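Labels A, B, C, D, E, F and G are assigned to the chains in the order they are written; within every chain, residues are numbered from 1.
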């Protein structure tokens, strides 16, 4: 060989796919171990739920930001995953911040922390891209919706296809027995679905 | 060929696995000879016994450091192969000093230099990793042990799996005839086993 | 009691636990 | 979930923690709670009568370095070692690790919601990158339990002490 | 051991060395002791009666450059040439080569322990990197014998002189 | 899909060390390979509890004079081995030990370190102290098996009359990554290069 | 397993010679290839009585001025042949004799010497004097078949007005090593580059 240099050289390119020359000529590495919790794709991570700050309002602090008290709207969630809002501190909103733009569906899961004897109907409704905010329950009743009765189903789940909002209102008032207080609480949670994809890396602004 | 230089070049890397250009175009080398004592692996070396300074105490000098006099403990061996201690001047402790960390079993072999008519029982006991030193023969008798009678077996051998100590006590007093003195002596020796491995090179501090 | 041979009786599921005694000190609760 | 049967290569029942509407949350470190290559499993339930309200997030976190506010100083012995007595979360929302409670669901998690179930159970297979830890001085898993929503219901003499009972077995442990 | 039958490509019996409880040790250089491509074998035994105590390490070292303390100066003729009369170890613990006696077992070694056996034998096949050395002026092997544990037992008139007898054959020697 | 495979999420060459020293009318580097000296890669790495990887390392010099094509030596020093005292030290010569000499005007030097620990993977967090027993001075979570050696560097030709600063920039491309046990994202500023403490503080998302 | 194969134990490129000379307002090298000029490689090599190997040699220059890209000549001179008197000598021209010219700013020069002796292996120790008969001046153990030639070097362009020192560093990678007859480790400091004498002295390990 001419023994000087190879073509496509005399640079350093920050993200290259070429190999390099090893220290320790045949040091055999310490073995593999078959432990669980393998991960192979970030999407396996982003598909796992997180709670979200449905109570991001300025009076709330610590854990209280993650729960809404039910004694008209209860919460109304700005639905962009990477702009500031409730989703900003979730696996969805953390992982995806590393990337240019995103595609595929989400789902929420709500959960109601009540006493077993307590019930009520909440309308949930969803505002597709370009929509206005449902001002009150009559626009939610005409909008794409689910009526969550806390009976049968302590923890409703609602897919979000591919944005405005998910919005949730006291359609009935609450009902509870004499032995359980009105300090009743909803938890809100979200993930991406199996169909999700993230396009092209751009380093996150949070740190 | 473009005839300038090859890719992965313009350096010198101290431990490289690449070839180089010979002086003497086809000088045929002086032949091979089939002499014994071939060695192919350092492990073939480290598997061979050495004596060890079981008598490393400050009064001992020259050969006396390798023998313990038997007229309560006789010797108690700090069992790290590469830290300072009795093993530090053995094939085990010399070869392995060239490497980062080690794995696999050892074995001791003791040998008793007595007169043929002389006998006694010594308890030997072993302290696995994290153990305390057996203070006296009652803890050695409850510890993992062998009772070496000098009868039948002038030279007991004891494997060490994979650390505290190997410890050895006058369980009986000695017994000897009128024709042989109490200047009776034990020799201690050690090696690695067939299972041994040494991971990654780091140059020895002794020179 | 937690280091001794034991059963933890929750009154839920099982209003009336039963415990054999082989063949003495005590049964303690 | 992590999908192992508890595996290598008799339960212990901790004294019940007196939860309250204000409580921040509790943790235990394994093996420290037992006082060892093992498949720990953890089985936790509430002594909560049907009027009661509120909910717990039960999580097991691997290699959970408890952090602290307001100093670069690392934790002492007594802050990280707690045996079966366990430790409090000084800041549950940061999970003490400066990480959101809201994202702790990436770790194997289960819910005690007092409508649906007062009981939850988790298998914690061996995660250590050495094959059998043997010294007293490390804790591969931390079991954590946090009041996501405050305890409620009852009146007066009932005094809101609604206990949590924790149980642990080192299932398939070898030495 | 080295696993050759004595091979190329009548014994000689040296006068017995008078060992004592204090003795440092003795060596001989081959071929020098015979006064030649060869398989030397060496057969050494103690004239020790059954009361006696102590033990010898018997070693054959290839290309054993005897060193010395306290000067950079190389050995003279008379220091390295010793015929059958042999030489003393001035420092057995350094094997004179600045190398531990304790590690000399890497070289082909045998033990005379007076309980188990008063006799030991070694085969020393040709190691020279030239095929048949022919000049009087090199010694491919050194037979060495060292009191690892001091001679003992007996009383008075027995005077601790318990002799070593050394024997050598240049088996399969060709010229 | 692109950077959704974890090797592509992590495999961006991070500037893990950025430093300078002068030569004028001491001044050598000894930095241990732990990715805690730079905050972006700290967070991006901390999303996984255990990782196994080779490390490529690239070294790029740069100069402000007050070009001289000097020889730079890079050396890799293993976990816990001896390290040099000054620009001159017997350690820079070490026989059993990897090093690379390169000229400032050549394209920058590259090395691979194979996966280097006695544990099967880097445990990116660890909450213990020691492998046998603990002393008071053994700090919480600084595991010895995570020490990963250090890269050591000096100017070899430093006699020069001309007056200048060498800047060095060190880029690590962790490569061929296998990862285990994902984590909740680190959502808080980093006080130090050892533990995780902090002083946003009480509300992670805006109103 | 890694550096347990003897070729990997020994095959680390050793800095076997480290020297300088000036050119200003004699000064050539003639060093014989014996690995006794540096103490670490002395010991690491002395664990074997006979070795057969090719030698790679790499030459690295370096400069302190008071860069000039000079031509350096390396020459190999065989066992016992003529050697030059000064920077200028007919020997530097030799027709039947290997040499390499290289420029200081090129990456450093490499050569292979094939295994070079009339004996089948290097006898790392030898206790004799001569192959026929001995005179008084024939020193103990300095065997002629072990002479292995010398590497000879000069600056070819040395007319320069500018004032400086050339440093040279010579790295030998003994390569493709076959070895015979292992030795007890050399546990004592080295007084000289010829024999093995000494002056720790009487107790090799600590108490």
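As a convention for this text, contacts are C-beta pairs under 8 Å (C-beta built on N, C-alpha and C of every residue); 3 or more make two chains touch, one makes a residue touch a chain.
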More contacts between chains, A-G or B-G
B-G
Chain pair equivalent in interface to B-E, over half of contacts matched, among B-D or A-D:
A-D
In whole angstrom, what separates the CA-based centres of chain D and chain G?
65
From the C-alpha centre of chain C to that of chain E, how far is it in Å?
78
Gap in Å, rounded to a whole number, between the CA centres of chain E and chain D
71
So how far apart, in whole Å, are chain E and chain G when each is placed at the average of its C-alpha atoms?
35
What are the residues of chain E that contact at least two other chains?
62, 93, 100, 102-103, 105-106, 127, 129
For chain B, give me the residues that contact two or more of the other chains.
9-16, 21, 33, 35-37, 45, 53, 62, 65, 89, 91, 94, 98, 129-130, 199-201, 203-204
Sequence positions of chain G contacting 2 or more other chains
1-3, 5, 11-12, 40, 44, 49-50, 60, 107-108, 117-121, 180-182, 184-187, 202, 204
Complex contacts: residues of chain B adjacent to chain D
129-130
Mind listing the chain B positions that touch chain E in their complex?
33, 35-37, 45, 48-53, 62-63, 65-67, 89-91, 94, 111-118, 150, 154-155, 177, 179-181, 183-185, 187, 189
Which chain A residues qualify as touching chain B in the complex?
1-9, 20-27, 30
Sort out for me which residues of chain F touch chain D in the complex.
49-50, 117-134, 139-141, 145, 180-188, 191-192, 194-199, 202, 204
Going by the contact rule set out above, which residues of chain D touch chain F in the complex?
29, 62-76, 80, 93-95, 97-100, 102-107, 127-130, 135-139, 142
